[PDB]
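2 protein chains.
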Amino acid sequence: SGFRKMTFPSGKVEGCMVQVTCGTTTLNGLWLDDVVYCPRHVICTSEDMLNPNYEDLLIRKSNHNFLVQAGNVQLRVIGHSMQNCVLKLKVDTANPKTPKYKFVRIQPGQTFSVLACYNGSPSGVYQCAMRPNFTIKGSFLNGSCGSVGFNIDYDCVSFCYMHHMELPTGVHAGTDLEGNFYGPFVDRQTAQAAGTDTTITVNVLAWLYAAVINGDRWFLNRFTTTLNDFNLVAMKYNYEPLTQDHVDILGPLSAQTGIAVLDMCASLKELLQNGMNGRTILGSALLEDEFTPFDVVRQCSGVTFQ
Amino acid sequence: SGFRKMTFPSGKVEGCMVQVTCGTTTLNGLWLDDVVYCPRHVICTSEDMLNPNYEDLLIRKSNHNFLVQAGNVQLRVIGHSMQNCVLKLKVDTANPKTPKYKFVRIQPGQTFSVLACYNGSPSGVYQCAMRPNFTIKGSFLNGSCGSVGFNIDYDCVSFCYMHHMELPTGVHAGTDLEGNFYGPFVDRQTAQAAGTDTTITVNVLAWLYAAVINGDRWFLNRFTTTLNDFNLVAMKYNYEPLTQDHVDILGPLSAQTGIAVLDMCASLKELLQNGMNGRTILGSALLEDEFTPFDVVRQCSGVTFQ
Numbered sequence: 001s002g003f004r005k006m007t008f009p010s011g012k013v014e015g016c017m018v019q020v021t022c023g024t025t026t027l028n029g030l031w032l033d034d035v036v037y038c039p040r041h042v043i044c045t046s047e048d049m050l051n052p053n054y055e056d057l058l059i060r061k062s063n064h065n066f067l068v069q070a071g072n073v074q075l076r077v078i079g080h081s082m083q084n085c086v087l088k089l090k091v092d093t094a095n096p097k098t099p100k101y102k103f104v105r106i107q108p109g110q111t112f113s114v115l116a117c118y119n120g121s122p123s124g125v126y127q128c129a130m131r132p133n134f135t136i137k138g139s140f141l142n143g144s145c146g147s148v149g150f151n152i153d154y155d156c157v158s159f160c161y162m163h164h165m166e167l168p169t170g171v172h173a174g175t176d177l178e179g180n181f182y183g184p185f186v187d188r189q190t191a192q193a194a195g196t197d198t199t200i201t202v203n204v205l206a207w208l209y210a211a212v213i214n215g216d217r218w219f220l221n222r223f224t225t226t227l228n229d230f231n232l233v234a235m236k237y238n239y240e241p242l243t244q245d246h247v248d249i250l251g252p253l254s255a256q257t258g259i260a261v262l263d264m265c266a267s268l269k270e271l272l273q274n275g276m277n278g279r280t281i282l283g284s285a286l287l288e289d290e291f292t293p294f295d296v297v298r299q300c301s302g303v304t305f306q
Numbered sequence: 001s002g003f004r005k006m007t008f009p010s011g012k013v014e015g016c017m018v019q020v021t022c023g024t025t026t027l028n029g030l031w032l033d034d035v036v037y038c039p040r041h042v043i044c045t046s047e048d049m050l051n052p053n054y055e056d057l058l059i060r061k062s063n064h065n066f067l068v069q070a071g072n073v074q075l076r077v078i079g080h081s082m083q084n085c086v087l088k089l090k091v092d093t094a095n096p097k098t099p100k101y102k103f104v105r106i107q108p109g110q111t112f113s114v115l116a117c118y119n120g121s122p123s124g125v126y127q128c129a130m131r132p133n134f135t136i137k138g139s140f141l142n143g144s145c146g147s148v149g150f151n152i153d154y155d156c157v158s159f160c161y162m163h164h165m166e167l168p169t170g171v172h173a174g175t176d177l178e179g180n181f182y183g184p185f186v187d188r189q190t191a192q193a194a195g196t197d198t199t200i201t202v203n204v205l206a207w208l209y210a211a212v213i214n215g216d217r218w219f220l221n222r223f224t225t226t227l228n229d230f231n232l233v234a235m236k237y238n239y240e241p242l243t244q245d246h247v248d249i250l251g252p253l254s255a256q257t258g259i260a261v262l263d264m265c266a267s268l269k270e271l272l273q274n275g276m277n278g279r280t281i282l283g284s285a286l287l288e289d290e291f292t293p294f295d296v297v298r299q300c301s302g303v304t305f306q
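Taken in order, these protein sequences are the chains called A and A'. A prime marks a further copy of an entry chain. Read in PDB author numbering, the first sequence has 213 at position 213, and its numbers run on one by one without any break. Read in PDB author numbering, the second sequence has 234 at position 234, and its numbers run on one by one without any break.
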């Protein structure tokens, strides 16, 4: 038993983390096959980031202006191109540790593991979720740009995130591995703010099902509610509107534990209107929304992926 | 910026995770050089665990009764021995992925990363702390035995934990890599209970310093307190007695932020006597005690270890 925030084994990703140097700037890159992917603002200095013409700045750069280091080994750059907000440095040697991988644009609410890196060296890994406002609440200091988010299914590494910037509000924004920013953020140093960050309701119900499996049952009420009435309460407390697809996704969690989805929605409705009354659930005094229904089934059933 | 629960990159440990089979039982083992370390209750069935004579059960076993699998490769066992609560299976081939490692018996309050495994396959990694009652609050299902805890400094893998059992209370107990159980627990299926689990006070103050660095300052009071008076309040709310060594360890956190340790102890005293009043600190409504003062300096300064 037990339930904690888990990340995928980051071994397959460490073998792809490189250091990219371009002028006075250095950040991390992702080395898959003979292409190194890195944020495109490595070609900017601190003064260019106010309003950089990336196409113009990229013209002044040649292949030999990109210093890619894989540990102690240096990869000779033989081609550079940019799509959206990412660079593609074609290198001469392919990564011998390239795992089976995909580039996946995840949807909001879904989670992934983040391998934080500095100077191409992995520094730690933590679990994060794609907030409804397309931000993530990771932890990134200077030099962490280029760190990737990913999910590990079977043996395939599903890359989904690349960190790009810290917003003035303290949260983080980035792109998929094709360079497309999640949300309406751009890779500039301007007044950027994220919208209303609501709560992923389907994740909260999955986290509540994991509580029942683990022994916490004080919240299981003696009431019920319909999907329409529950969504009325959800909008008052800034929760994502629950759809029937969410109810269908919570099917196995409902079948494993015996509490119907709408029955758990009433328990969540009671928690939104009465609070926790000083109690805790899975060691937390708040309602957690960064566990997808798959994340719970992973941990409450023991799925491996080596 | 940002602050989250972080684990060390588990890559160096995945290359050491093997599967050990002995009869109908299968759990995980740690393969360093030409020795595989695994829990000693792999030689027991479900009925032996009430009161197993491990020396007697180990006599009935020979080298060829131990089936060690490293992925698809099988390691031929050429020698078996047990020290305390761990087995040592001498194998013919040394692990080509053995990192620089140590066997370290950590002290309570210190943290480590746990790589959960099933059938020798890594399944996920989460950060945990050695509670004052020598338990850990991980997450372990059947087949997770043999999973290790570790810390990564520089390039050296400091192994410190090996999971052994789920207590009836739902928490977990284990040994160091020399087989010595943390705490008064034994590797049997008997009525075992952990003592009073108190709060690691020095960790809470470090987590409060990380809050100040990250922008949370609502708890920084206009009072102060002495070490004696604070320890009086700490014992009322079941907190570890703060020593001068703890104050000395919080030195750099005090110097980086400007709030003295005793000044922060008054803010913590106010939080113990008044609660959070509905507010949160670093996204938590409770007081976190699973961040060592080193864990904060790791994350608030960007220390890498590849």
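All C-beta atoms, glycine included, are put in the ideal place defined by N, C-alpha and C.
Whole angstroms is fine: what's the gap from residue i's alpha carbon to residue j's?
i, j, result
"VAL261(A)", "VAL212(A')", "40 Å"
"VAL148(A')", "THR7(A)", "16 Å"
"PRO122(A')", "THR190(A)", "42 Å"
"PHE185(A')", "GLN192(A')", "7 Å"
"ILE136(A)", "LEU167(A)", "10 Å"
"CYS117(A')", "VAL86(A')", "17 Å"
"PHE181(A)", "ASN133(A)", "12 Å"
"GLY71(A')", "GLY120(A')", "7 Å"
"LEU32(A')", "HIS41(A')", "20 Å"
"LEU208(A)", "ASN277(A)", "16 Å"
"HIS64(A')", "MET17(A')", "20 Å"
"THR24(A)", "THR45(A)", "7 Å"
"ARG131(A)", "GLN273(A')", "34 Å"
"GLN127(A')", "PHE291(A')", "9 Å"
"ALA129(A)", "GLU288(A)", "11 Å"
I'd like to confirm something about residue i: is its beta-carbon nearer than 7 Å to some heavy atom of the ligand SAH, or not?
i, result
"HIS41(A)", "Looking at this structure, you won't find the ligand SAH or any other ligand, since it has none at all."
By alpha-carbon positions, which one of the options ends up nearest to residue i?
i, options, result
"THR111(A')", "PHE294(A'), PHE305(A'), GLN244(A') and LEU141(A')", "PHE294(A')"
"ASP176(A)", "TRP31(A), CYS160(A) and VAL91(A)", "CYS160(A)"
"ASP34(A')", "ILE78(A'), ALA266(A'), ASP289(A') and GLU288(A')", "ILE78(A')"
"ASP248(A')", "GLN127(A'), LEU227(A'), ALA234(A') and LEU232(A')", "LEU227(A')"
"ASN203(A')", "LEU242(A'), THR26(A') and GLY179(A')", "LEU242(A')"
"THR257(A)", "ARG217(A), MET82(A), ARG222(A) and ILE200(A)", "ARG217(A)"
"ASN95(A')", "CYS38(A'), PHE219(A'), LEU75(A') and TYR154(A')", "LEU75(A')"
"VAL91(A)", "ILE106(A), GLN107(A) and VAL73(A)", "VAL73(A)"
"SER267(A)", "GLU14(A), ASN142(A), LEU205(A) and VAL20(A)", "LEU205(A)"
"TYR239(A)", "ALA173(A), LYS100(A), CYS300(A) and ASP197(A)", "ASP197(A)"
Return no unless some Cβ of chain A' is closer than 8 Å to the Cβ of residue i.
i, result
"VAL157(A)", "no"
"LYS5(A)", "yes"
"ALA285(A)", "yes"
"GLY109(A)", "no"
"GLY179(A)", "no"
Would residue i pass as an interface residue toward chain A - the criterion being a Cβ-Cβ separation below 8 Å?
i, result
"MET130(A')", "no"
"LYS61(A')", "no"
"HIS172(A')", "yes"
"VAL125(A')", "yes"
"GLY29(A')", "no"
"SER147(A')", "no"
"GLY143(A')", "yes"
"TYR154(A')", "no"
"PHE140(A')", "yes"
"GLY195(A')", "no"
"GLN306(A')", "yes"
"residue 342(A')", "This structure cannot settle anything about residue 342(A'), because the visible part of chain A' is limited to 1 through 306."
"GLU14(A')", "yes"
Between which two residues does the alpha helix (DSSP H) carrying residue i extend?
i, result
"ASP187(A')", "Element bounds for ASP187(A'): n/a, residue is neither H nor E."
"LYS269(A)", "261 to 274"
"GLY11(A)", "11 to 14"
"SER1(A)", "No alpha helix (DSSP H) holds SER1(A); DSSP gives it neither H nor E."
Can you tell me whether DSSP reads residue i as helix, strand or coil?
i, result
"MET49(A')", "helix"
"residue 327(A')", "Missing from the structure shown is residue 327(A'); chain A' here goes from 1 to 306 and no further."
"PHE294(A)", "helix"
"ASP229(A)", "helix"
"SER113(A')", "strand"
"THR199(A')", "strand"
If the cut is a Cβ gap below 7 Å, which residues of chain D does residue i touch?
i, result
"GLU166(A')", "The chain inventory of the structure shown lacks chain D, comprising the protein chains A and A'."
Taking the continuous beta strand (DSSP E) assigned at residue i, which residues delimit it?
i, result
"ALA70(A)", "67 to 70"
"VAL36(A')", "35 to 39"
"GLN74(A)", "73 to 75"
"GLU166(A)", "156 to 166"
"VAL42(A)", "Premise fails: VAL42(A) is in no beta strand (DSSP E) and is neither H nor E."
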